[PDB]
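Colleague: There's a structure below that I have some questions on.
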Amino acid sequence: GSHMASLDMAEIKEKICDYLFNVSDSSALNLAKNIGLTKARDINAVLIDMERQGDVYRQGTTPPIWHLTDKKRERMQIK
Ligand SMILES: [Cl-]
Ligand SMILES: [Cl-]
Ligand code: NI
């Protein structure tokens, strides 16, 4: 919920990266449905931390839809 340095949170973060990059942009609710419903609070915590760092952004309110940022995609893809 805070333990961003744990193996467990690194695994949730890569599952989020994998989904947002290879599947699509997503609500947090849909990420939990795909990654594991019992991990919703850690998914929310990782998204908030990635947002603070400019690696994802949220779009809209009901619910917000999470997207990879251009800064993050530039580390992953060619222009
Ligand atoms: Cl990542
Ligand atoms: Cl990836
Ligand atoms: Ni934590």
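Ordered as shown in the structure tokens, chains take letters A, B, and onward, while each chain numbers its residues from 1 and ligands are numbered from 1 in the order shown.
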Chain A: which residues are strand (DSSP E) by DSSP, as number ranges by chain?

Modeller: A: 26-27, 56-59, 65-68

Colleague: With DSSP run on the backbone, what are the alpha helix (DSSP H) residues within chain A? I'd like them as a VMD selection string.

Modeller: chain A and resid 7 to 22 28 to 35 40 to 52 70 to 73

Colleague: Counting only C-alpha atoms and all ligand atoms, which protein, DNA or RNA residues come within 9 Å of ligand 2, given as an MDAnalysis selection string?

Modeller: chainID A and resid 14:15 17:22 76

Colleague: Suppose you want the space between CA of residue 24 in chain A and CA of residue 65 in chain A; what is it in Å?

Modeller: 10.1 Å

Colleague: Nearest residue to residue 47 in chain A out of A:8, A:68, A:77, A:23, using only C-alpha atoms?

Modeller: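 Comparing A:8, A:68, A:77, A:23 against residue 47 in chain A, the winner is A:68.
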
Colleague: Pull the closest atom pair for each residue of chain A that gets at most 10 Å from ligand 3, along with the distance in Å to one decimal, counting only C-alpha atoms and all ligand atoms, ordering rows by chain and then ascending residue number, as JSON lines.

Modeller:
```
{"residue": "A:1", "atom": "CA", "partner": "ligand 3", "partner_atom_place_in_ligand_line": "1 (Ni)", "distance": 2.9}
{"residue": "A:2", "atom": "CA", "partner": "ligand 3", "partner_atom_place_in_ligand_line": "1 (Ni)", "distance": 2.7}
{"residue": "A:3", "atom": "CA", "partner": "ligand 3", "partner_atom_place_in_ligand_line": "1 (Ni)", "distance": 3.0}
{"residue": "A:4", "atom": "CA", "partner": "ligand 3", "partner_atom_place_in_ligand_line": "1 (Ni)", "distance": 5.5}
{"residue": "A:5", "atom": "CA", "partner": "ligand 3", "partner_atom_place_in_ligand_line": "1 (Ni)", "distance": 8.1}
{"residue": "A:6", "atom": "CA", "partner": "ligand 3", "partner_atom_place_in_ligand_line": "1 (Ni)", "distance": 7.9}
{"residue": "A:8", "atom": "CA", "partner": "ligand 3", "partner_atom_place_in_ligand_line": "1 (Ni)", "distance": 9.0}
{"residue": "A:9", "atom": "CA", "partner": "ligand 3", "partner_atom_place_in_ligand_line": "1 (Ni)", "distance": 7.1}
{"residue": "A:41", "atom": "CA", "partner": "ligand 3", "partner_atom_place_in_ligand_line": "1 (Ni)", "distance": 8.7}
{"residue": "A:42", "atom": "CA", "partner": "ligand 3", "partner_atom_place_in_ligand_line": "1 (Ni)", "distance": 6.4}
{"residue": "A:43", "atom": "CA", "partner": "ligand 3", "partner_atom_place_in_ligand_line": "1 (Ni)", "distance": 9.7}
{"residue": "A:45", "atom": "CA", "partner": "ligand 3", "partner_atom_place_in_ligand_line": "1 (Ni)", "distance": 7.1}
{"residue": "A:46", "atom": "CA", "partner": "ligand 3", "partner_atom_place_in_ligand_line": "1 (Ni)", "distance": 8.4}
```

Colleague: Taking N, CA and C atoms for each residue, export the selection above as a PDB file, in the first residue's frame.

Modeller:
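Output contents, as saved in part_0.pdb:
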```
ATOM      1  N   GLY A   1       0.887  -1.194   0.000  1.00  0.00           N
ATOM      2  CA  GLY A   1       0.000   0.000   0.000  1.00  0.00           C
ATOM      3  C   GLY A   1       0.915   1.231   0.000  1.00  0.00           C
ATOM      4  N   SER A   2       2.169   0.864   0.180  1.00  0.00           N
ATOM      5  CA  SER A   2       3.243   1.803   0.381  1.00  0.00           C
ATOM      6  C   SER A   2       4.577   1.113   0.083  1.00  0.00           C
ATOM      7  N   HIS A   3       4.488  -0.235  -0.045  1.00  0.00           N
ATOM      8  CA  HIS A   3       5.752  -0.963  -0.024  1.00  0.00           C
ATOM      9  C   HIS A   3       6.257  -1.112  -1.464  1.00  0.00           C
ATOM     10  N   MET A   4       6.376   0.039  -2.140  1.00  0.00           N
ATOM     11  CA  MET A   4       6.852   0.122  -3.510  1.00  0.00           C
ATOM     12  C   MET A   4       8.188  -0.564  -3.743  1.00  0.00           C
ATOM     13  N   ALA A   5       9.044  -0.766  -2.721  1.00  0.00           N
ATOM     14  CA  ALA A   5      10.320  -1.433  -2.933  1.00  0.00           C
ATOM     15  C   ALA A   5      10.254  -2.972  -2.865  1.00  0.00           C
ATOM     16  N   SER A   6       9.105  -3.550  -2.508  1.00  0.00           N
ATOM     17  CA  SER A   6       9.003  -5.018  -2.388  1.00  0.00           C
ATOM     18  C   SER A   6       8.931  -5.732  -3.707  1.00  0.00           C
ATOM     19  N   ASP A   8       6.833  -7.964  -4.287  1.00  0.00           N
ATOM     20  CA  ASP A   8       5.396  -8.051  -4.608  1.00  0.00           C
ATOM     21  C   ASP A   8       4.908  -6.824  -5.404  1.00  0.00           C
ATOM     22  N   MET A   9       5.361  -5.641  -4.980  1.00  0.00           N
ATOM     23  CA  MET A   9       4.927  -4.448  -5.713  1.00  0.00           C
ATOM     24  C   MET A   9       5.607  -4.344  -7.056  1.00  0.00           C
ATOM     25  N   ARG A  41      -5.960  -2.583  -3.937  1.00  0.00           N
ATOM     26  CA  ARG A  41      -5.351  -1.427  -3.249  1.00  0.00           C
ATOM     27  C   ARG A  41      -3.906  -1.248  -3.679  1.00  0.00           C
ATOM     28  N   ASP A  42      -3.162  -2.355  -3.900  1.00  0.00           N
ATOM     29  CA  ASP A  42      -1.766  -2.192  -4.365  1.00  0.00           C
ATOM     30  C   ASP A  42      -1.714  -1.683  -5.798  1.00  0.00           C
ATOM     31  N   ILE A  43      -2.642  -2.162  -6.679  1.00  0.00           N
ATOM     32  CA  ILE A  43      -2.697  -1.591  -8.027  1.00  0.00           C
ATOM     33  C   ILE A  43      -2.928  -0.088  -7.975  1.00  0.00           C
ATOM     34  N   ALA A  45      -2.187   1.975  -5.568  1.00  0.00           N
ATOM     35  CA  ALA A  45      -0.989   2.622  -5.021  1.00  0.00           C
ATOM     36  C   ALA A  45       0.118   2.713  -6.065  1.00  0.00           C
ATOM     37  N   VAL A  46       0.323   1.676  -6.862  1.00  0.00           N
ATOM     38  CA  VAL A  46       1.332   1.713  -7.922  1.00  0.00           C
ATOM     39  C   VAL A  46       0.935   2.745  -8.990  1.00  0.00           C
TER      40      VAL A  46
END
```

Colleague: So, counting only C-alpha atoms, which residue among A:36, A:30, A:16, A:71 is closest to residue 53 in chain A?

Modeller: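 Closest to residue 53 in chain A, using only C-alpha atoms: A:71.
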
Colleague: When you draw a straight line from CA of residue 26 in chain A to CA of residue 64 in chain A, how long is it in Å?

Modeller: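 One can read the CA of residue 26 in chain A to CA of residue 64 in chain A distance as 8.4 Å.
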
Colleague: Work out how far apart CA of residue 11 in chain A and CA of residue 60 in chain A are and give it in Å to one decimal.

Modeller: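 That distance, rounded to one decimal, is 26.7 Å.
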